[PDB]
Each structure stands twice: as structure tokens, then as C-alpha cells.
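Residue numbers (the authors' numbering): 2171 to 2398.
Structure follows, in C-alpha cells:
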């Protein structure tokens, strides 16, 4: 309850309880929001299309990197829940906007491209969510494959790895699988290995020929090994 200062509401005395419905109140930089019953609300709340988390013991607008149910969140200086790419100290963290802004791990686009925010105790990193240096390696997360360069950044398009050609989506860096149309040309990528198919191939009981050099699906009249 808000034992308001003198003359705040209906000439209330110092420390008198007043009617305070559906409005914010800032006291010594601490924020509260009151519902229609002149009660300070608590818990997860949404006001003016903005998400707040009022502590269950203080009803104060928690405004910083703070753990909830063993999951970190980042509330901005004035309480509002914010999501995206966020730097803390010298460590970068990502908060999926679609996942209640909950701290996640994966590969996500920061200012210089896609980065690997790894779980705890990964290849060289023990802090969960932190960007780790993944230089010139492949990574598979829940089946999705990516490759990273010397800048620990993902890529997209055509790539030759260990003598095998792969195609990664420029917009998502996901390895191509199955039938794909790239720049008007049809290519078939192995569903399991994502390797572009070359030469004669039998798919779904139908024979196909892929150019050994370009892997482009054969169309129209074609002369192969002296046969049309």
C-alpha cells in the first residue's frame, strides 16, 4: 500500500493511504505500478504493451540482468524487458525476441555477422550464452549445420569442404538438403550429408543425371559417354 506524502491525494496527511489506481509511481528511482484496487501489483506484468517483472517481496520494478526460474533475463534501466544482442561486461549474450526474451544459445547475427553463443563448458568457453571463438570449423546444433571462418562468423552460398561441395542459405546459413533451385538451376543435395549430388542418380525410383563439374540437374537433350 502507498502511504503517500502530505497533500498528494485529497489532502492526505503524511503517510496516509490514498487511492492510486492504474498508474505508475517512482519513489527514489524505484518503480511500482498500481492496479484498480490501489494495490501494488507483483509478478510478471504487461503494461502499455511493455513487459515488467515486479519482485514478489518488494513489488519493485526489477531493472537489470536478473535470474528467474534458473533462466536469465535483461530488463533495461527503467524495467522494460528488452531482447536481442546485448553486451554485458566483455561478454556478448543473445535473447530471442520470440522466446519470452529468455537467454538462449545458438548461432545468431550480431553486428559483425553470425556468432556462436555457446552453452556452458563448450569447446573453449565455460560461460553459457557467451560468444566463443569458432575458427574454421563446422558446428551442428539440433541437426542444423553451419560453418565458421577465422573471424568466428558464419557464411552462406556455395562452399567446398574436404573436396565436397555444399550450399548454405545466405539468409540463414543452413546447409541445403534435397531438391533445391538456386539462381534458376536445379540441384539435389543428399538429405543426410547435404553433399551436392553428381553424375547419375536414382531418386524416388526416377533416374537423374547431374553435371560432374557443376552438379546442375541435366535437362533437355544431353550427350553422355557417347550416348544421347
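Built from N, CA and C at the ideal position, the CB exists for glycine as well.
Taking 8 Å as the limit between beta carbons, can you name the residues of its chain near residue i, skipping five residues before and five after?
i: residue 2207; result: 2191
i: residue 2340; result: 2326 and 2327
Between residue i and residue j, how many whole angstroms is the CB-CB distance? I'm expecting something under 8 Å.
i: residue 2336; j: residue 2345; result: 6 Å
i: residue 2280; j: residue 2294; result: About 18 Å separates the two Cβ atoms, so there is no contact after all.
i: residue 2193; j: residue 2204; result: 6 Å
i: residue 2367; j: residue 2359; result: 7 Å
i: residue 2251; j: residue 2271; result: 5 Å
Looking only at DSSP bridge pairs, what is residue i linked to?
i: residue 2273; result: 2265
i: residue 2285; result: 2278
i: residue 2254; result: 2265
i: residue 2350; result: 2357
First and last residue of the beta strand (DSSP E) that includes residue i?
i: residue 2399; result: No information on residue 2399 is available, as it lies outside the stretch 2171 to 2398 that the chain covers here.
i: residue 2146; result: Since the first residue shown for the chain is 2171 and the last is 2398, residue 2146 is missing from the structure and cannot be characterised.
i: residue 2370; result: 2369-2373
i: residue 2310; result: 2308-2311
i: residue 2241; result: 2241-2244
i: residue 2189; result: That residue, residue 2189, is in no beta strand (DSSP E); it is neither H nor E in DSSP.
Out of the options, state which residue places its alpha-carbon closest to the alpha-carbon of residue i.
i: residue 2307; options: 2299, 2319 and 2301; result: 2319
i: residue 2379; options: 2362, 2398, 2184 and 2352; result: 2398
i: residue 2381; options: 2283, 2374 and 2395; result: 2395
i: residue 2253; options: 2261, 2259, 2243 and 2262; result: 2243
i: residue 2355; options: 2367, 2386, 2365 and 2376; result: 2386
i: residue 2241; options: 2369, 2299, 2388 and 2361; result: 2299
i: residue 2282; options: 2180, 2255 and 2362; result: 2255
i: residue 2197; options: 2172, 2329, 2257 and 2393; result: 2172
i: residue 2373; options: 2260, 2175 and 2357; result: 2357
i: residue 2330; options: 2174, 2179 and 2383; result: 2383
Any beta carbon of chain D sitting closer than 8 Å to that of residue i?
i: residue 2334; result: Reference to chain D is not applicable here, since this structure consists of a single protein chain.
Counting only the same chain and skipping the five closest in sequence on each side, list residues whose C-beta sits under 6 Å from that of residue i.
i: residue 2222; result: 2215, 2231 and 2249
i: residue 2334; result: 2365
i: residue 2286; result: 2277, 2302 and 2304
Between which residues of its own chain and residue i is the CB-CB distance below 7 Å, once the five residues before and five after are set aside?
i: residue 2314; result: 2344
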